[PDB]
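Protein chains in written order, with UniProt numbering: chain A, 1 to 451; chain B, 665 to 712; chain C, 1 to 445. Note that CB positions come from ideal geometry on N, CA and C, so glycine has one too. Below is one structure, written out as C-alpha cells; comments come after it.
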Amino acid sequence: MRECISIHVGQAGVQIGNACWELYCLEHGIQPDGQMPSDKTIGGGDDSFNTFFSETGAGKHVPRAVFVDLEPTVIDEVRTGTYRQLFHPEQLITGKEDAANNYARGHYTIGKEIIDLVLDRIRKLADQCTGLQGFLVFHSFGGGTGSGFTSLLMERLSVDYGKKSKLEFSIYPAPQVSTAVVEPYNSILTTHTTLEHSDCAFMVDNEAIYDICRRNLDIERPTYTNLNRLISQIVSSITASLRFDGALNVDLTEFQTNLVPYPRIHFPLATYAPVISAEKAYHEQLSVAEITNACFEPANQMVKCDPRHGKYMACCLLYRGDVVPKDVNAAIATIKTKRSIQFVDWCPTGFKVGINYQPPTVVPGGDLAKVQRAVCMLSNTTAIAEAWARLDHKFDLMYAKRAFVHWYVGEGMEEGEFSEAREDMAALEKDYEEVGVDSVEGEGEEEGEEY
Amino acid sequence: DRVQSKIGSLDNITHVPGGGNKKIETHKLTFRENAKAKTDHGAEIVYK
Amino acid sequence: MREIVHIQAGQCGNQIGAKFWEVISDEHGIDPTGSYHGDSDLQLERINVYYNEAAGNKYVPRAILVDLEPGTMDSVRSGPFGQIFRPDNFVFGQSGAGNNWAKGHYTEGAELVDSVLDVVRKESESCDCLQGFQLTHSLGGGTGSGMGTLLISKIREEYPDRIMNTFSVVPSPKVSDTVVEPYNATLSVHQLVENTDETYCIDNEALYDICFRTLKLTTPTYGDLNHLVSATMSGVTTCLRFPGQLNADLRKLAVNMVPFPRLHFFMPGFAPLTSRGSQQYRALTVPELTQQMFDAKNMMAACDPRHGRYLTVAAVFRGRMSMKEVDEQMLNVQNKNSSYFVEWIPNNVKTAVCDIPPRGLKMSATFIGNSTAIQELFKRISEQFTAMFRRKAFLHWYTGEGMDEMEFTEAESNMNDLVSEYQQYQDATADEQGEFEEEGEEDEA
Ligand SMILES: Nc1nc2c(ncn2[C@@H]2O[C@H](COP(=O)(O)OP(=O)(O)OP(=O)(O)O)[C@@H](O)[C@H]2O)c(=O)[nH]1
Ligand SMILES: Nc1nc2c(ncn2[C@@H]2O[C@H](COP(=O)(O)OP(=O)(O)O)[C@@H](O)[C@H]2O)c(=O)[nH]1
Ligand SMILES: [Mg+2]
C-alpha cells in the first residue's frame, strides 16, 4: 500500500546495509532465505513489512534495496555470506575497479558507466511500489564511491523522483581520526553537490561510537561489524512507525518538516539510548526520563562534536517498547526546564515525537540485556559548525598546496569545480552561524502621529 | 563576491509586534479618504 | 429525526474516534460486529441520532474515517469494534501530511477532498433532519488539522444552516509533539473561526494532570486520555438520545454558548473524576459535581479560569436528581464565585438535565465554558508563531505545496485581533461621568 527504497553505496554503505538488513529480517521474523515461518497469524495484510520487502507468489520476501561499490569484493562477500539467497541477485550491482577515494572516478569518469544500470534497477523497483514514499541512502564522505557516486545518484534521483524524499545516512569524518588522506576533497565535493538535491543528511561518527563502545557498551575490541550493529539501532528506531503500529506514528516525509528550518540546514546528528552492557543493564532500572536525560549527555552523542559548543534548534525524539506518553511529556519538559542544555531562544517548539509499541531486538553476539523500552533521537545543532571548522581548513590547506589534485583532474575534473564547492561551503559556514544569532527585539518601534 | 550566507535567516525582520490588534471602537468608524458629494445632513435648516 | 454525522481525521482524531464509537457503542449495547443486544429499549429508541439501520437488524455508525496514510485505518479495523463501521466510509489517502498543514490544505488533502465529500453526501442525503457535523482532528498537527480546515470550508458551502462542531487537540504549555504546531495552529484558527459553530480546545497536558493527579493512573496512556474525550462527546450529546427533565441539542447549546459568532472556542470538563480508593471515601451529589466542575484543575485546557471572566457556560448533567438542587448550586457558584463571571452578561449559565447516566456511573456532569482567561493559549500560539515566522523558518515547506507567504500575516492579524477581542470584553463595564460647573473668580487668594 506504501513503500520505500534503501540504497547502499561504497564500502561504508554496503556494510551498514548488512547490519540494517540483518536486523530488519530478525525484527520482522524474516530468515536468511527470505522466508518467515515465524508467527501463527490468522489475520494479515499490513503487515507493514511490505513497505520494505516485496512478497513472492509462494511467500518468500525480498528486500526493497540496492547495493553498490565500484569493485565486486565487498559485494561478493554478501553474495557468499549468509544472505546470498535473501538478497535479489540483480539488486547486487558491481564494477571492476573501485573509485580509489577519488571523487572524479565516482561522480564522473567511472560513475557514468553504471549510473543508468542502477537507475534501471530502481525504476524496476518503483514498478513494485504501490506508492513510492522515498529513499534512504547509506554511504560515507571519506570513500570515493561513498562520496562521488552517492552524489551522482542524488543528481539522478532528484529528477526521476523529484518530489519524493531523499534521506542520507553518512559516516561523517571524525575530528582527530581519518580514513583517507583525500578526506577533504570528498567531503566537500559531495556536500556541495547534494546541497541542492537531498532532503536530509544524518551523521554518525566512528570516533564517537568507539568511545561509546569502550565506555558504555563496555567492549574492548569494537570492530566495524559491532559498530555497524550499534548504528543499526538508530536506523530501526528512526523507521519504527514504517515497520510496526504505534501510539504515535511518524511519516517518512515528516522528519524534514520538523528538522530542517531552512533547506540548506539539513545536518541533524543522530543517537541511540540506552547503551549498556548486560552486566550494567542490571544496575539501571531504565525509566523513560533516565533514558531521556542520558540521551542528552554530550559524551552520549554518536557524533563527537560537543553540544557544549552550540545551541540546539530542532529535534525529533522517538521511543520504542514499554512507554507512557505521560512519561515522554514530563521527560521532554524536564530537558526544557534544563535550559542549561543550550537551545535557540526562537524555537521553543523544538521537538517532534513518536512512540511505537514494538520493543527493540538485539542481534545476538554476547550476553543479552533484558530490554523493555528505548530511545533514539535526531537533533539539528550548531555543533556541526565545530565539526566542519577543521574539514574546511583541511580543504584550504590541501587546495592551496594543490596536493593530490592531478588524480581527480585526470579522472574527470577541472580546478574551477574545487573552487565552487569550497565557495558554497564558505556560504554554509555563515549559514550555521546565522542560526546561531541571538536575534534583536522588534517591540516598541513607532512612526509618530500625522497632523 | 567574497561569500555570504544563503539562508533567509532574518527576511521578515522589517515586521514588528503586536501581540494585539486594533480595537474596533465607537469614535468613527466606517469612513475613507474620498467619498465626495452627498453633503450633511439634515435638511436646509441644519443647514444650506 | 435529528441526525448528526461524525468525521475523524488524522491520528489523534481517529484514536479519540475509536474511544467515541467504543464508549457510545457500549452505552447502546452495540456489539463489536454491529449487532445489537442491549438491555434497555430506550437505547434502541433514538438510535438514528448517530446510526444507520442495516439489514438483518445490523447497525452502522455515521462515522466517516479519513487520513492520508493507510495505517490508522488498519489499527482501527484490527482494533475493537472495527466491524461496526461501513467499508465505504474508510476514505484514506496515499501520501501522509507529515505534519504539514499545507500538504493537507493545498495539495494532497485537496486531492482526497472530492472522495471525502462523496461519503458526506451519501450519509447526509440519508438523514431525515441532519442537524450537524462533528470533527475530531488535530490543530498543531497536520493530517487532521490541514484536512479539517478545507473540509469544514466546503461543508459550510454545501450545508450552510447545519451546525459545525470541532474537537481539536491543542498545543500544550511545556511540550510540543510537532515543531510546526504554531504554523498549524494560527492558520487553522483563521479558517475555522468563520465556519465553526463550536470548537473545543482539549489539552493532553491538562488531561495528563487529571489522569495522574486526580484519577491516580500510575500510567496515563492515550487510551485513557481518549476515554475522557469520548466521555465528553457522549456527555454533551445525551439529551438527543434519551429522556430527561431538560433536553438540549447542539443548536440549543450554541445559542447559550455563542454571544458573537467569532467568540465560539471553548474549554470542556467532566465530573466526577475520582480514583479507585477515593470512590469509597467520596459521596456523589449534585453539589459534588458542582464543586469539582468549577475547580481549576478540572479544566481540560491548561488555564485557571480565575485569570479571566466567564461570558457563557453550559452544564449537561446525567442521571436522576433534583432540579431544585442543581439550580441552587448554579446560583451559589454565580453568587459566591460571582467575580469568576462577566457582569455585562446576567444570569450567565445554561443548564440541561437528562435521566440516563454513563453506563459505568450513578450520575455525571459535563461543563462547557466561554471565558476571557484562555487568551493566554492564543498569546502562546501568537508568540511561538512569531519565533518561527520573524526568521522565515519552516516557511519553505508551506510554499512548496504552494501557499502564499502573505497569508501567514492574514491569519496572524486575525489571531492578534481574536486574542484582543476576548481581552477587550474582559470586565467590560460601562463608565460614566457627571457634568461640572464653577463659581465666579474673585480677586482674593
Ligand atoms: N562505520 C563504518 N564506516 C566504514 C565502514 N567501511 C567503510 N567505512 C567508512 O568508509 C570509508 C572507507 O571505505 P572506502 O574503501 O573508502 O569506501 P569506497 O567508497 O568503496 O572507496 P572507493 O570506492 O575506493 O572510493 C571511510 O570513510 C570509513 O570511515 C564500516 O564498516 N563501518
Ligand atoms: N490525546 C491524544 N493525543 C493524541 C493521540 N494521537 C496523537 N495525539 C497528539 O495529538 C497531536 C497531533 O497528533 P497527530 O494526530 O498524530 O497529528 P497529525 O497526524 O499530523 O495530524 C500531538 O500532540 C499528538 O501527540 C491520541 O490517541 N490521543
Ligand atoms: Mg569503493
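Per DSSP, cross-strand counterpart(s) of residue i
i, result
"C/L65", "C/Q8"
"A/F343", "A/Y312"
"C/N52", "C/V60"
"C/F270", "C/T366"
"C/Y106", "In DSSP, C/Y106 forms no bridge with anything."
"A/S140", "A/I171"
"A/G321", "A/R373"
"A/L378", "A/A270 and A/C316"
"C/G244", "C/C354"
"C/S35", "C/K58"
"A/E3", "A/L132"
"A/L92", "A/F67"
"A/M203", "A/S170 and A/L269"
"C/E442", "DSSP, once it has assigned bridges, lists no residue as partnering C/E442."
Min CB distance residue i to chain F below 8 Å
i, result
"B/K670", "The structure shown contains no chain F; the protein chains it does contain are A, B and C."
N- and C-terminal bounds of the beta strand (DSSP E) containing residue i
i, result
"A/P63", "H61 to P63"
"A/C129", "Run containing A/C129: none; DSSP gives neither H nor E here."
"C/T237", "Careful: C/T237 lies outside any beta strand (DSSP E) and carries neither H nor E."
"A/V353", "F351 to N356"
"C/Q131", "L130 to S138"
"C/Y310", "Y310 to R318"
"C/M164", "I163 to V169"
"A/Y272", "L269 to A273"
Residue i CB to nearest heavy atom of ligand 1 below 7 Å
i, result
"A/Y408", "no"
"A/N101", "yes"
"A/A12", "yes"
"A/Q176", "no"
"A/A201", "no"
"A/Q15", "yes"
"A/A330", "no"
Endpoints, alpha helix (DSSP H) assigned at residue i
i, result
"C/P182", "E181 to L192"
"A/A294", "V288 to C295"
"C/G146", "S145 to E158"
"C/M330", "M323 to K336"
"C/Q375", "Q375 to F389"
"C/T199", "Careful: C/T199 lies outside any alpha helix (DSSP H), inside the beta strand (DSSP E) at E198 to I202."
"A/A208", "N206 to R215"
"C/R77", "No alpha helix (DSSP H) holds C/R77; DSSP gives it neither H nor E."
"C/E421", "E407 to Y425"
"A/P263", "Segment: none, A/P263 is in no alpha helix (DSSP H) and carries neither H nor E."
"A/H192", "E183 to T194"
"A/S419", "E415 to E434"
Residue i: CB within 7 Å of a non-hydrogen atom of ligand 3
i, result
"A/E77", "no"
"A/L189", "no"
"A/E207", "no"
"A/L70", "yes"
Near ligand 2: residue i beta-carbon under 7 Å from a heavy atom
i, result
"C/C127", "no"
"C/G82", "no"
"C/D177", "yes"
"C/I7", "no"
Residues from the region 388-399 of chain A in contact with chain B, defined by Cβ distance under 9 Å: Listed in chain order, the positions of the region 388-399 of chain A with a beta carbon within less than 9 Å of a beta carbon of chain B would be empty, since no residue qualifies.
Name the residues in the region 369-390 of chain C whose C-beta lies less than 8 Å from a C-beta of chain B; which are they? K379, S382, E383, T386, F389 and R390
Contact set between the region 414-443 of chain C and chain B, restricted to residues whose Cβ is under 9 Å from the partner: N414, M415, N416, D417, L418, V419, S420, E421, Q423 and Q424
Check each residue of the region 319-334 of chain A: if its Cβ is closer than 7 Å to any Cβ of chain B, include it; give the result in chain order. none
As an exercise, report each continuous alpha helix (DSSP H) stretch of at least 4 residues that is fully enclosed by the region 5-82 of chain A, in chain order. Runs of the alpha helix (DSSP H) inside the region 5-82 of chain A: 10-28 and 73-79.
Positions along the region 677-689 of chain B whose CB lies within less than 8 Å of some CB in chain C: Correct list: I677, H679, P681, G682, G683, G684, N685, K686 and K687.
Interface residues of the region 359-381 of chain A facing chain C [CB-CB below 9 Å]: none
Looking at chain A, which residues of the region 99-111 of chain C have a Cβ within less than 7 Å of any of its Cβ atoms? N99 and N100
With 8 Å as the limit, tell me which residues of the region 180-211 of chain C have their beta carbon closer than that to any beta carbon of chain A; keep them in chain order. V180, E181, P182, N204, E205, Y208 and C211
Looking at chain B, which residues of the region 287-314 of chain A have a Cβ within less than 8 Å of any of its Cβ atoms? none
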